[PDB]
Amino acid sequence: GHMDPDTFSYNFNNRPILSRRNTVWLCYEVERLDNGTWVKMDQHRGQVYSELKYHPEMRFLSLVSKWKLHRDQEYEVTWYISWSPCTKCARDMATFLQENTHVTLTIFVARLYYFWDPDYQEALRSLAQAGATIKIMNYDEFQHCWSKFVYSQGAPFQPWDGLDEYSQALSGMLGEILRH
Amino acid sequence: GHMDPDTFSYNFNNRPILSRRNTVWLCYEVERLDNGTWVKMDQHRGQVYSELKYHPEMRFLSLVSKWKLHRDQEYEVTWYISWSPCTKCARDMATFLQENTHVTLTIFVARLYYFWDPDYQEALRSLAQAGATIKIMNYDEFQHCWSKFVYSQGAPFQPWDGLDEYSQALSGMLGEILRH
Amino acid sequence: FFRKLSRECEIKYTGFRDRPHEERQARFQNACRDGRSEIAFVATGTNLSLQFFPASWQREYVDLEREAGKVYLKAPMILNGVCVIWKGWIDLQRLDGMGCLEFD
Amino acid sequence: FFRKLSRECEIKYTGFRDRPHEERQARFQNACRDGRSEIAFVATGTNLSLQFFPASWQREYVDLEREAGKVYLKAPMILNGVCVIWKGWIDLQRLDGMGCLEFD
Amino acid sequence: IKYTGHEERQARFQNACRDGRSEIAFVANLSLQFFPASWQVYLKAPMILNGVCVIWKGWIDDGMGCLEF
Amino acid sequence: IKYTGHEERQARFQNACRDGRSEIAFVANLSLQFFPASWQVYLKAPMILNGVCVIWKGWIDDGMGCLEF
Amino acid sequence: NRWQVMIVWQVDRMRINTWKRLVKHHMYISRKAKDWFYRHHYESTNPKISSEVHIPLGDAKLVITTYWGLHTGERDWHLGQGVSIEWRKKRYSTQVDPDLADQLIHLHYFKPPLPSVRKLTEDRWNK
Amino acid sequence: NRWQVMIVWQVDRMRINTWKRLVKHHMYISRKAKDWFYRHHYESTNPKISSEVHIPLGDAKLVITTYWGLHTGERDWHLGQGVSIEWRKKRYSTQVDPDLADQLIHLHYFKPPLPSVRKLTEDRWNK
Amino acid sequence: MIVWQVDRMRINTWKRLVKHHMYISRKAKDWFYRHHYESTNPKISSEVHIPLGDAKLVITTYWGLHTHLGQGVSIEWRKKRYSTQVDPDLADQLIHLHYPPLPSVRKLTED
Amino acid sequence: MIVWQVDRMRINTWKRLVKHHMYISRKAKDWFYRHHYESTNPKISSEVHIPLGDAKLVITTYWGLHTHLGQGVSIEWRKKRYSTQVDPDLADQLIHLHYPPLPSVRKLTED
RNA sequence: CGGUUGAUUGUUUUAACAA
RNA sequence: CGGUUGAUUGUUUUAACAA
Ligand SMILES: [Zn+2]
Ligand SMILES: [Zn+2]
C-alpha cells in the first residue's frame, strides 16, 4: 500500500497503445476461503515493479513460495497489472496454476501487451485455459487500487481522459482474443 | 550499509563446502578516478541479495545502467560476494566488462561456487580474462564488510572458527583454477 | 501458566503445510523413524510449539509401535524450575491429536 | 540572484553521459537539427539547467549556421518579472561552452 | 522435405490443401511457405532466386523436393 | 560421423590421437567417446550393446561409421 | 525550429519524493495548504512533466512543476528530474527563483516540516 | 532415537528483527544492558539457531535463543522462526516462561524501548 | 517464398537495431519500417525496406507460423514489379555496398 | 562408450530428482549416488547406481566434454564384471519393473 | 520513433534522505 | 543428504512493524 500517485497514474494508464511504459507494475491481494466465505489477507497483499530480466510474475511466484500457504485451504488471488503477461510469464503462471490447484487467480490488466501478436494471443489463451481469469481493469478496480495500493495520503482518485472508452476497447479486444 | 549481522555470518562463512547457503549476497562499492586518485562514492555502494530466477549480478548490472556513470571517467568497482558467480553470471559480467572498458571490477568471494566443476572453471577463467580481478575474501575484507555493509550497531566483528584456514584453502583453489 | 497448558491443550503437526497431505504423512513418518530430523507440534490455540531436536544437536521418546496409525510422544523437561512431563499422541492420517503437561 | 548568473557562468551539455563522446555529439547534432527533442545545458558550478523544450510541448533559437563546429543559443525569458536574454555557445567537439544572462 | 504443423495432423494437411485459406510449411532451417493469393501430394512452384527463374518441384506422402532451372 | 572439438582443430586431433591422454568425441545426439584406459583415421571398437557384442568400425578424413555384430 | 525555454533546477529523486509527500500531506491530512491545486502529469501536454502544484496567490498562481526523464545532470544523482517555479497572472507567466517563491508562500500562507521550495531546489551535491 | 526437547515460542520475522536490533542497541549504543553476552549462530552445534543472548543474573545466566528455519507454524507468518528462553546455573538448565524472564530482567537490570521478552514472544496473530 | 526459422529473441533484436539505426543513430534513416497493421497478410510481423538505388530490398518478418507457433524471415529484392528471392550472402554485400551492432541479415538468418 | 548430448539444466534436474527420491521421498532410497571426487575419471560429473536384483544399472553423467564444453549421459547395465551399453528404451522398462516427477532416463536422454 | 504513441527510444524501478 | 556439509534438502530473501 506504499505507491506514489504519479507512478500509478503513469503506469496504469489504460490507453491500448502506450509506447513509453517500459516497466510492469503488479499489485496483488490474496483471499482465503474459511467457513464458506472469502476473508481478505491484510498482510498478504502488496505491489511489485519489474526488472529488465526479472518480471513481476516471477517475483510474485517467489513470494507465494515463501508465503507457505496451506495446501488444505482454498486461495483466491487478485492481480492488477499494468501490462498483460508476456509469453514467458503466461507460460510460467499456467504451469504454476496447473501444479497448484488449491489457488485460483483473477487478473485485471490496465493494458493488453502485444494484443495483435499471435504468440501473445496463444500465451493469454493458455493462461485462461489454465484456470486464470483475465479481465480488463475498469474504473472500479482503478479506484480500488488507488484507495488500496496507492499511497495517495487521502487524495481522491482522478481518472485520466478517455478511461471508459479505453476500457471498453480493451474489453472488446480481450473478448476477441479469448474467443468468448 | 543495512545488513543484520546474522545474515552476514550465515552467508559469508568461508567454508569451501557449504551445503545450505541457497542465497547469494553481493555487497558492492564504486570508486571514481579524479585528479589521479580514487575517491570513494558514498551513495553508490550497498548490498543486494539473490532470487531463484534473479541473481545479484543482474541486479547490479541494472543498478549500474541506472547510475548513468560518465563514460569519460574511470570507475573501479569492488565486489564482496558469498558465492563465486555462476556460468551465466560470469558470462554476462564478462560481456558487460568487454562492452564497458571505462569500468574495472575486482571481486572478493567468500566461497568458490562449484570450484570442481569444469564449466564453472571456464566461466571464472573467462571472467578473469575479461579484466575482472577475482580474489579470495580474507579476514581483512570480512572486517571491512562488517564495518561497512553490516548493520552491526557498533558491535565488533567476531570471526568464525577456521576463517584463516578456509581462506588459505580457497586462495590455493582459486590460484589453481586461474592458472597463476 | 502451568494450568493453561494442563487444563485444555491440543497439538497438531504443521511441518510442511505447503505440501500435499500424503507427502506430509510420509515426511512425518520418515522424521519419526530416523532421529536425524526435527519434529514440531504446535498448540492450536496459541503460538506455543514443542520441538524434538535430535540429541546430536545439543527417557524422552517418539514411537509408533504402541498403536498402529498413531504416534506417541513422551517429553520430560524442567520448566520454571519444576520437572514436568509432556504426553502426546497424534494419529497418522490427520497429523493431529492430544498433547498435555503433567507432573512427574 | 541575477548577478550570480550574469557575472560568471559556464554551460555544458550532459544529455547522455553514459554514451561515448562521438555518440553524444551525434545525438546533440540530431536534437539541434530537428526540434522534436529537448536539449539541456547545465551550469557547471550549480544545479541550474536551461532546457529548450519544443514549442509543441507547451525569437528563441538554436543554430549551427553562424559558425562551423559551434552551436549558438538565444533564449529570451521573463525571470522574476523582468525580461532577460540567455546567450550561449558550445562547440561541437567538447559539448562545452559559455552561456550567460543579459538585459534586453 | 517434411511437413510441419498424427491422425489430426494428416487430416489438417488434407483439408487445408483441399480448401485453402491457410499457410502450408515444408521445412528442409530453410523452409518453403505456401500462402493464399488473397493475402498479398505433389508440389510445383515457380520462383525467382538470385536473378534466375528456378522451379521447385517435390512430393510428400515426409518426401523429397528439389529446385531446377 | 563428424569430429567435435580449422587448422588448430586438425592439429589438436592429430596430436591427441598420436599421444593420447585425452578424450575423443565422434557425434552422429548419439556420440562415441574414446577415453584413455588409465581413467577407468580409422576407428574400431568392440562394445556390448543390449546383450550382444557389437563392433563399431568407421573412418574419418567428417567420415562414416557403422556397427556390426 | 521553435523552442520553449524554461529554467529547471535539477534535484535528486529523494527530494522530489519528499516534496510531493509533504505537499500532499499538507493538502489533505494537515489542511493548512488546502487551497493548493495538485494537477497530475496526464493533464499537461508536456510529456516530461511528473507533477504540477498550483498555489493561488491573490488573483494569480504560483506553479511549481516537477519534471522527470530529462537529460542527465553533471552530478551523479541528477538523473533527469528537476523543478521549475513560475508565477502566472492572466496568461502572463514569469519564472521565479525558489527564494522568492518561498517568500511568497510565507507571505500568503504561512511534526512534518512545511513544504519549502528552497529546500527542494537546493543542490546538496554541489556544496 | 534420542531427542532433545525444547519449548519454542513461534514469533514472526519482524519481531525477531526488532528484538535483535533493540538488544544490540542497548548493548553498545545505550549501554544499560552492557553485561549481556551475544553469542552468534556459528558458536552453537544446533544447526537451527539464529542467535543466542546471554544475560548474567548473579552466578546464573538467562539464555534467550532465537531459531530460524524451523517447521512452519499454524499461523500464516509462523514461517519457521521461534524463541526459547531458559535459565542455567552450573550446568543445570530449566525452561522459563517469558513473563518470568521479563520479571528477572527487571529485577536484575531495570527513545528506543527496552528489550522485553514478553513483547517478543506474544502472539499477535492468535488474538 | 523461402522462410528461415528464427527464434523470437533474434527477431526482437533485429527490429530493435533497425528502429535504432533509422531513428536515433540515423545511419539507416533512409530505410522504411512497415508495421503489422499496414500489411494485408495476417502472418507478417513487420517489413523493412532498404532503398538500393532504384531497387529496394524487403526483409519481411513473419509470426504465427505453424512450423508450436514459429517466426521467420524472408529477403526479397524488388526492381519495380520485378521481385527475386535473395540469400543472406548476397544481401550482405548488397547492404554493405550502399550502407549497437549494424543490422546484418546473416546474423539474424543463421541458425 | 555411448554418450548422448544433454543440456546442463536437464542434468541438474536429473540429479536433483535423484537426490530427492533417495533422501526425502525415499521411493528410490536403495539407489546409490557417487560424487565427482569418488571417480578416477576427471570428466565424470556423477554416478547413479540403481540396484536391479543381483545386477545394477549405472547412469554416469559427464561434464567438460569437448563436443564449447558439453555434458553427457551414459547408461550401462552391470552383472558383476559383465557390462553392457543400454538404450533409454530398455532402461525405462528396467526401472519400471523393479521401481516431483519420477526420474526417467528417456526424458533426460531425449533431445 | 512523446506520437491518429503498434510499444526493450533517453525507463518514468523504489516506504520515510526535510518525522 | 545439518554433515570428514561436494552444495536448487524444509532457503536462513528483506531499513525502522516495540522510534
Ligand atoms: Zn512478462
Ligand atoms: Zn549466478
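In what follows, chains carry the letters A, B, and so on, assigned in the order in which the sequence lines appear, proteins first and then strands, with residues in each chain numbered from 1. The figures that follow rest on heavy atoms only: side chains count, while hydrogens, waters and symmetry mates do not.
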Assign each of C/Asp18 and A/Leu63 to its nearest nucleotide of RNA chain L by heavy atoms, then name whichever residue's nucleotide is nearer the 5' end.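 Of the two residues, C/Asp18 wins.
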Would you mind telling me which residue lines up with the more 5' stretch of RNA chain L, A/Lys66 or C/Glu23, judged by nearest nucleotide?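 The residue whose closest nucleotide sits nearer the 5' end is C/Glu23.
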Can you say whether a donor on the side chain of C/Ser37 sits under 3.5 Å from an acceptor on the base of L/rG10, or the other way round?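 Side chain to base: pair found, below 3.5 Å.
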What about D/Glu38, does its side chain sit under 3.5 Å from the base of K/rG2 through a donor-acceptor pair?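 Under the 3.5 Å cut-off, the side chain and the base do not form any donor-acceptor pair.
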Need one value for [X]: base, sugar-phosphate or nothing, where a base atom within 4.0 Å counts as base even if backbone is also close, heavy atoms only.
X: H/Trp77; result: nothing
X: H/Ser116; result: base
X: G/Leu79; result: nothing
X: B/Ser50; result: base
X: A/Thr7; result: sugar-phosphate
X: H/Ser50; result: nothing
X: H/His41; result: nothing
X: B/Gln47; result: nothing
X: B/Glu51; result: base
X: A/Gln43; result: nothing

[Y] ring center within less than 6.0 Å of [X] ring center:
X: A/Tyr113; Y: A/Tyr120; answer: yes
X: A/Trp116; Y: A/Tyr114; answer: yes
X: C/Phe53; Y: H/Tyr67; answer: yes

Atom pair CD/CG of A/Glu51 and B/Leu63 - distance to nearest 0.5 Å: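 With rounding to 0.5 Å, CD (A/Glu51) is 8.0 Å from CG (B/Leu63).
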Separation of [N] [atom2] from [X] [atom1] (nearest whole Å):
X: B/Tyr10; N: L/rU14; atom1: OH; atom2: P; value: 12 Å
X: A/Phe12; N: K/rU13; atom1: CZ; atom2: P; value: 11 Å
X: A/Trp67; N: L/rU14; atom1: CH2; atom2: P; value: 16 Å
X: G/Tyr42; N: K/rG2; atom1: OH; atom2: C1'; value: 18 Å
X: B/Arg21; N: L/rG3; atom1: CZ; atom2: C1'; value: 12 Å
X: B/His2; N: K/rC17; atom1: NE2; atom2: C1'; value: 12 Å
X: A/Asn22; N: K/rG6; atom1: CG; atom2: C1'; value: 14 Å
X: A/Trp25; N: K/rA15; atom1: CH2; atom2: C1'; value: 11 Å

Take atom [atom1] in [N] and the same atom in [M], then report the distance between them in whole Å.
N: L/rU14; M: K/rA19; atom1: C1'; value: 23 Å
N: K/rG10; M: K/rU5; atom1: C1'; value: 16 Å
N: L/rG2; M: L/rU11; atom1: P; value: 14 Å
N: K/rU8; M: K/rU13; atom1: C1'; value: 15 Å
N: K/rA18; M: L/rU12; atom1: P; value: 34 Å
N: K/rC17; M: K/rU9; atom1: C1'; value: 32 Å

Phosphate-side-chain proximity, [X] and [N], N/O vs OP1/OP2 below 4.0 Å:
X: A/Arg20; N: K/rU11; value: no
X: I/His35; N: K/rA7; value: yes
X: H/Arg21; N: L/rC17; value: yes
X: H/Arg15; N: L/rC17; value: no
X: A/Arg15; N: K/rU5; value: yes
X: A/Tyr113; N: K/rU8; value: yes
X: B/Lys68; N: K/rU11; value: yes
X: B/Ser19; N: L/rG6; value: yes
X: B/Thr23; N: L/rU8; value: no
X: J/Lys15; N: L/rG6; value: no
X: G/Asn17; N: K/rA18; value: no
X: B/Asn11; N: L/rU11; value: no
X: D/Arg27; N: K/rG10; value: yes
X: A/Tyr114; N: K/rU8; value: yes

Relative to the 5' end of RNA chain K, which residue comes earlier, G/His25 or A/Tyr151, by the nucleotide with the nearest heavy atom?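 So the residue in question is A/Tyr151.
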Taking atom types as modelled, find out whether C/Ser37 and C/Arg27 have a side-chain donor-acceptor pair closer than 3.5 angstrom. no
Between A/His2 and A/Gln47, does any side-chain donor sit less than 3.5 Å from a side-chain acceptor?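 Looking only at side-chain atoms, A/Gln47 and A/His2 do form a donor-acceptor pair, the distance falling under 3.5 Å.
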Nucleotide of [options] approaching [X] most closely (side-chain heavy atoms):
X: A/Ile17; options: K/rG6, L/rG2, L/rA7; answer: K/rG6
X: I/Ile24; options: L/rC17, K/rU9, K/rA18; answer: K/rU9
X: B/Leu52; options: K/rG10, L/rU11, L/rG10; answer: L/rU11

Nearest non-hydrogen partners of [X] and [Y], listed with the distance:
X: A/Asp117; Y: I/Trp63; answer: OD1-CE3, 3.2 Å
X: I/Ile44; Y: I/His36; answer: O-CB, 4.0 Å
X: H/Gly69; Y: C/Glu38; answer: O-OE2, 3.9 Å

Sugar geometry class by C1'-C2'-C3'-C4' for L/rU11: north
Positive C1'-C2'-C3'-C4' counts as north, negative as south. Which one applies to K/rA7? north
Would you say J/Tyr23 stacks on L/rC1, if stacking means ring centres under 5.5 Å apart and planes within less than 30 degrees?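 Stacked: ring centres under 5.5 Å, planes under 30°.
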Are L/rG6 and B/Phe115 stacked, with the base six-membered ring and the side-chain ring centres under 5.5 Å apart and planes under 30°?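 No, B/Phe115 does not stack on the base of L/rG6.
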Indicate syn or anti for K/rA7, taking the glycosidic torsion and treating anything within 90° of 0 as syn. syn
salt_bridge(H/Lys20, B/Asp4) N-O dist < 4.0 Å: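 Between B/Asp4 and H/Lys20 there is no salt bridge, as every charged N stays at least 4.0 Å from the carboxylate O atoms.
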